[PDB]
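All residue numbers refer to positions in the sequence shown, counting from 1.
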Amino acid sequence: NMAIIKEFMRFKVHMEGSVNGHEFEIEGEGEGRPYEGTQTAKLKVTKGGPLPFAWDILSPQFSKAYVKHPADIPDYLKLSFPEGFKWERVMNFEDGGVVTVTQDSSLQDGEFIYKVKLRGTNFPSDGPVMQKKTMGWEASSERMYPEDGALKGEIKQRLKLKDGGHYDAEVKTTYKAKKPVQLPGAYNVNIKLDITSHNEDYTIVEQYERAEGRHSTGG
C-alpha cells in the first residue's frame with residue numbers, strides 16, 4: 001500500500017452535524033505526510049454559520065491514515081486502502097455534553113475522501129461549549145487495542161478553558177477496515193492538535209495535527 005498511500009497525500013472532507021439542535025455543514029481540504037504523522041486541514045462552515053458553540057468540539061473529527069507507525073506495529077488503517085475504513089466515536093464530556101460521530105474514509109482519484117456525521121447533545125446552555133470558553137486541546141495519548149475484528153482507541157482528552165483549568169472528555173472510537181487486514185496489538189498514539197488560524201467567528205479555520213504511534217510494551 002506504499003504505492004497508493006504516497007508520502008504526500010491530500011484529502012477532502014464534508015461534515016453534516018448538529019449541536020444542541022443547531023444544524024450545520026462544513027467542507028474542507030487537507031494535506032499531509034502520512035508516514036511522518038503530520039497534516040493540516042482548512043475548514044469552512046458552509047451552512048449554519050456562525051456556529052453558536054466552541055469549534056474545539058469539532059476539531060478532532062477532521063484523519064488516521066496520517067499516523068506515523070513504527071515498522072513493527074501494523075498500520076491497519078493505511079492497509080485498509082484503497083477501500084478504506086469507517087470510524088464511530090462517542091465523547092462523554094464531564095458536564096453531561098455528548099458528541100457522537102460516524103465517519104467514512106475512502107480513496108478516490110488519488111485523494112482521501114472523508115464524510116462525517118456528528119450529533120452533539122445535552123451541552124449546558126451556560127457551559128464552556130455553548131459559551132465558547134475553550135482554548136484548544138492538550139496533547140493526547142490514545143490507547144489503541146484490537147477487539148472484535150476492529151481497532152479501538154480510548155482517550156482521556158482535555159480541553160483548556162479560557163478562565164483556567166480544563167474541561168474533560170472520555171472518548172472511545174472504533175476504527176474498522178472495510179476488508180480484513182492485519183490488526184496491531186495494543187499501543188499508544190501521541191496526538192497534538194493545534195488551531196493554527198481562524199477568523200473572528202470561526203467560520204474559516206486551519207488546524208495542524210501531529211500523531212505518532214509508540215510501543216506500549218517491549219522495553
TODO: List the steps, then state whether salt bridge (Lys or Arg N to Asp or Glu O under 4.0 Å) holds for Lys152 with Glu154.
DONE: CA-CA 7 Å; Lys152 312 299 187 75; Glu154 298 171 338; over 6 Å; no

- [ ] Give the C-alpha distance, both sets of side-chain angles, the deciding distance and a yes or no for ring pair (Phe, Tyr, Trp, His ring centres under 6.0 Å) between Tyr202 and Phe53.
- [x] CA-CA 10 Å; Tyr202 288 83; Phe53 57 83; over 10 Å; no

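Of the inter-residue distances, the one linking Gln103 atom CD with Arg89 atom CZ reads 9.0 Å to the nearest 0.5 angstrom. Rounding to the nearest 0.5 Å gives a distance of 10.0 Å between OG of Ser216 and CE of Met144. Atom NZ of residue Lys64 and atom CD1 of residue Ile191 lie 3.5 Å apart, to the nearest 0.5 angstrom. Considering OG1 of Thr46 and CD of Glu25, their distance stands at 5.0 Å, rounded to 0.5 Å. Atom CG of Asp56 sits about 7.0 Å away from atom CH2 of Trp137, to the nearest 0.5 Å. In this structure, NZ on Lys117 lies 15.0 Å from CD on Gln61, to the nearest 0.5 angstrom.
Two residues are said to be in side-chain contact when any heavy atoms from C-beta on lie closer than 4.5 Å; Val189 and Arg143 fail this criterion. Residues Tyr187 and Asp72 are not in side-chain contact: their nearest non-hydrogen atoms beyond the backbone lie 4.5 Å or more apart. Between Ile26 and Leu58 there is a side-chain heavy-atom pair separated by less than 4.5 Å. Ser106 has its side chain out of reach of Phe112: every pair of non-hydrogen atoms, C-beta onward, lies at least 4.5 Å apart.
With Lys156 contributing its side chain and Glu142 its backbone, the two residues share no donor-acceptor pair below 3.5 Å. With hydrogens and angles ignored, the 3.5 Å screen pairs a side-chain donor or acceptor of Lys179 with a backbone N or O of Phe81. Under a 3.5 Å cut-off, the side chain of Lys42 and the backbone N or O of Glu29 do not form any donor-acceptor pair.
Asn188 and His215 form no side-chain donor-acceptor contact under 3.5 Å, judged by distance and modelled atom types alone. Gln39 and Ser63 are linked by a side-chain donor-acceptor pair at a separation below 3.5 angstrom, with hydrogens and angles left out of the test. No side-chain donor-acceptor contact under 3.5 Å links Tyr66 and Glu209. For the residue pair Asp201 / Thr203, a side-chain donor-acceptor distance below 3.5 Å is found, with atom types taken as modelled.
Across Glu94, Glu138, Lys160, a single residue satisfies side chain to side chain donor-acceptor pair (under 3.5 Å) together with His166, and that is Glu138.
The local environment of CD in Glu23 is sparse, with at most 12 non-hydrogen atoms from other residues, nucleotides or ligands closer than 6.0 Å. For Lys68, the NZ atom counts as loosely surrounded, since its 6.0 Å shell holds 12 or fewer non-hydrogen atoms of other residues, nucleotides or ligands.
No cation-pi contact links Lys6 to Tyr35, judged by a cut-off of 6.0 Å to the six-membered ring centre and 45° from its axis.
Hydrophobic clustering of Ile, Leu, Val, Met, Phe, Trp and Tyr side chains at less than 4.5 Å, counting indirect connections, unites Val181 with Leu77.
Scanning all heavy atoms of the two residues, the minimum distance from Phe62 to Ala41 falls at O-CB, 4.5 Å.
Taking the six-membered ring for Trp and the full ring otherwise, the centers of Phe123 and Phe93 sit less than 6.0 Å from each other.
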